[PDB]
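Chains as they are written, first to last, in the authors' numbering: chain Y, 932 to 980; chain X, 264 to 294; chain F, 27 to 49; chain L, 540 to 588; chain E, 736 to 784. Every residue, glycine too, gets a C-beta built ideally from N, C-alpha and C.
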Amino acid sequence: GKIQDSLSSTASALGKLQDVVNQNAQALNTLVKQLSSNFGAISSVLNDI
Amino acid sequence: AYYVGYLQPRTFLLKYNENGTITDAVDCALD
Amino acid sequence: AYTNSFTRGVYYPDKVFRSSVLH
Amino acid sequence: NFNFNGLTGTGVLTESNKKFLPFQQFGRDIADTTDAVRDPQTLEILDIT
Amino acid sequence: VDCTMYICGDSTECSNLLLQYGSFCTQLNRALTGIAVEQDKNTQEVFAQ
Ligand SMILES: *[C@@H]1O[C@H](CO)[C@@H](O)[C@H](O)[C@H]1NC(C)=O
Ligand SMILES: *[C@@H]1O[C@H](CO)[C@@H](O)[C@H](O)[C@H]1NC(C)=O
Ligand SMILES: *[C@@H]1O[C@H](CO)[C@@H](O)[C@H](O)[C@H]1NC(C)=O
């Protein structure tokens, strides 16, 4: 019952999994955000060029 | 009884909402 | 005379639409 | 294969559930691509997928 | 490791050409701060048991 209580209120205990999920979803976002950078070009979008 | 102020270069964070209107922002160099 | 510039010094900086994102 | 004011690209187009502000043209994503345009001779707004 | 002053060193126009490369060293801090808490997490988990 104590386990059931501690899980039924607090979500901090899931940090081991949660940090992994965050680490991945953050990596995807930074990768995708790199498409917005010019890299020494006239434009960060290819199709304009 | 009018007011007046001056704009200056600032990095700002803009929160577009569901409708696409700004609702709140943060002046990045304030504190 | 002086008053406090609270938060209404803000505007859309460009003509580019965005929704539900902090940019 | 669409073209709007010089913006090329491919994909499919549909009606917009998104309400639109009467001074913009372009919906841009996080991923720096165009999801929403307006016809430059018709005030209907299209979604780009 | 600091990002900017390693690349340029307290100089303006060199740093302006850095930010057009997007967000390289932003994740490099979060990589290195990520391992920074890690040995702190290691030292915590190796003695104070
Ligand atoms: C934004 O759209 C929602 C539709 O769910 C609407 O209820 C709300 O009033 C809209 N906001 C404004 C400022 O009109
Ligand atoms: C404005 O704030 C500045 C510094 O905080 C000060 O110079 C000025 O006198 C303030 N306003 C008033 C009414 O004094
Ligand atoms: C341009 O196209 C619009 C369609 O929205 C029409 O109303 C207008 O008369 C046209 N102008 C011309 C053909 O000069």
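So which residues on chain L does residue 967 of chain Y lean against when the C-beta distance must stay under 7 Å? In the first sequence, residue 967 of chain Y corresponds to position 36, counting from 1. The answer, in chain order, is 571.
May I ask you to check if the CB of residue 558 of chain L is nearer than 8 Å to at least one heavy atom of ligand 1? Looking up residue 558 of chain L in the fourth sequence gives position 19. At least one heavy atom of ligand 1 is nearer than 8 Å to the Cβ of residue 558 of chain L, so yes.
When Y:965, Y:979, Y:969, Y:938 are compared against residue 758 of chain E, the one with the closest alpha-carbon: Counting from one through the fifth sequence, the residue named residue 758 of chain E turns up at place 23. Each of Y:965, Y:979, Y:969, Y:938 was checked against the Cα of residue 758 of chain E, and the nearest Cα belongs to Y:965.
Residue nearest to residue 260 of chain X in terms of C-alpha spacing, selected from X:285, X:271, X:270: Residue 260 of chain X is absent from the model: chain X starts at 264 and stops at 294.
Cα-Cα separation between residue 762 of chain E and residue 27 of chain F, rounded to whole angstroms: On the fifth sequence, residue 762 of chain E is found 27 positions in, with the first residue counted as 1. On the third sequence, residue 27 of chain F is found 1 positions in, with the first residue counted as 1. Roughly 46 Å separates the two Cα atoms.
Relative to the C-alpha of residue 753 of chain E, which candidate in E:738, E:764, E:771, E:767 has its C-alpha closest? In the fifth sequence, residue 753 of chain E corresponds to position 18, counting from 1. Checked all of E:738, E:764, E:771, E:767; the closest Cα to residue 753 of chain E is E:738.
Should residue 27 of chain F be counted as a contact of ligand 2 given a C-beta to heavy atom distance under 8 Å? Taking the third sequence and counting its residues from 1, one reaches residue 27 of chain F at position 1. Yes, Cβ of residue 27 of chain F sits closer than 8 Å to a heavy atom of ligand 2.
Secondary structure of residue 36 of chain F, DSSP reduced to three states: Taking the third sequence and counting its residues from 1, the one referred to as residue 36 of chain F is at position 10. It is coil, neither helix nor strand.
Taking the alpha carbon of residue 578 of chain L as the point to measure from, which residue in L:550, L:549, L:554 has its own alpha carbon closest? In the fourth sequence, the residue the question calls residue 578 of chain L occupies position 39. Cα-wise, what sits closest to residue 578 of chain L is L:554.
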